Amino acid sequence: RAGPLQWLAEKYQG
Ligand SMILES: *CCCCC*
């Protein structure tokens with residue numbers, strides 16, 4: 001995970 005943020009953004013929008 002070269003940027004632990006994208007997955008959180010997806011998670012929030014879900
Ligand atoms: C990075 C994913 C953002 C989707 C709303």
# chains A, B, ... in the order shown; residues from 1 in each chain; ligands from 1

call {"tool": "residues_near_ligand", "arguments": {"ligand": "ligand 1", "cutoff": "8 Å", "atoms": "only C-alpha atoms and all ligand atoms", "output": "PDB file with N, CA and C atoms, in the first residue's frame"}}
result
ATOM      1  N   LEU A   5      -4.413   5.801   2.075  1.00  0.00           N
ATOM      2  CA  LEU A   5      -5.362   6.904   2.014  1.00  0.00           C
ATOM      3  C   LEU A   5      -6.480   6.543   1.040  1.00  0.00           C
ATOM      4  N   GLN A   6      -6.121   6.048  -0.152  1.00  0.00           N
ATOM      5  CA  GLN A   6      -7.075   5.693  -1.192  1.00  0.00           C
ATOM      6  C   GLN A   6      -8.116   4.694  -0.675  1.00  0.00           C
ATOM      7  N   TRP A   7      -7.666   3.638   0.013  1.00  0.00           N
ATOM      8  CA  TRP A   7      -8.551   2.635   0.591  1.00  0.00           C
ATOM      9  C   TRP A   7      -9.486   3.238   1.642  1.00  0.00           C
ATOM     10  N   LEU A   8      -8.991   4.183   2.454  1.00  0.00           N
ATOM     11  CA  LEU A   8      -9.811   4.889   3.429  1.00  0.00           C
ATOM     12  C   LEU A   8     -10.878   5.733   2.733  1.00  0.00           C
ATOM     13  N   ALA A   9     -10.528   6.429   1.646  1.00  0.00           N
ATOM     14  CA  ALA A   9     -11.476   7.225   0.879  1.00  0.00           C
ATOM     15  C   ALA A   9     -12.609   6.354   0.324  1.00  0.00           C
ATOM     16  N   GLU A  10     -12.264   5.193  -0.249  1.00  0.00           N
ATOM     17  CA  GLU A  10     -13.238   4.204  -0.700  1.00  0.00           C
ATOM     18  C   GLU A  10     -14.122   3.743   0.463  1.00  0.00           C
ATOM     19  N   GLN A  13     -16.627   6.408   1.497  1.00  0.00           N
ATOM     20  CA  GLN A  13     -17.666   6.379   0.475  1.00  0.00           C
ATOM     21  C   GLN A  13     -18.195   4.949   0.309  1.00  0.00           C
TER      22      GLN A  13
END
